[PDB]
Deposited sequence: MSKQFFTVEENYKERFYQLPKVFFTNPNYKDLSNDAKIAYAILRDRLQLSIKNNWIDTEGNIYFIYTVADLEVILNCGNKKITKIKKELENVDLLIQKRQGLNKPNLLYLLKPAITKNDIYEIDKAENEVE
């Protein structure tokens, strides 16, 4: 009944939006981009610490081609595909030392319906 450092690290997860698997806009995405989104999402709290917050309170990223390279553990060929994929679906904004804005996904009445079916018997 002790809290262990091992059980603690075993309970750390990246968060994959379930809508990535019901919404036609998103389902299309390569798993590399879906997972990339989840990994970047986890960094939001960091950005707040790095004070990467704009004038309106929006949280952004300042990552080079190499940063994302280590962060997502993939080559610049792949990350190029990743960014382009996420932007095409309005999941990312590169408002050009680049600035990246992660965006939350959209939800539709159908997503809801589907997400229910996906979460039940």
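- No alpha-carbon coordinates exist for the deposited sequence positions 1-3, 100-104, 130-131, given here in order along the chain.
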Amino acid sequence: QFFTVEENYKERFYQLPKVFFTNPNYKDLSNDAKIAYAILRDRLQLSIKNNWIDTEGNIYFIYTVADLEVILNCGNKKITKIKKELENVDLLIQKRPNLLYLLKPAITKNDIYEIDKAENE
From here on, numbers count along this sequence of modelled residues.
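- Stretches compared: 111-119, 3-11. Higher mean C-alpha B-factor in the entry: 111-119.
- Of the two stretches examined, 73-81 and 33-41, the record assigns the greater average C-alpha temperature factor to 73-81.
- For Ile62, the recorded CA B-factor ranks within the highest third of the chain. Only modelled residues enter the ranking.
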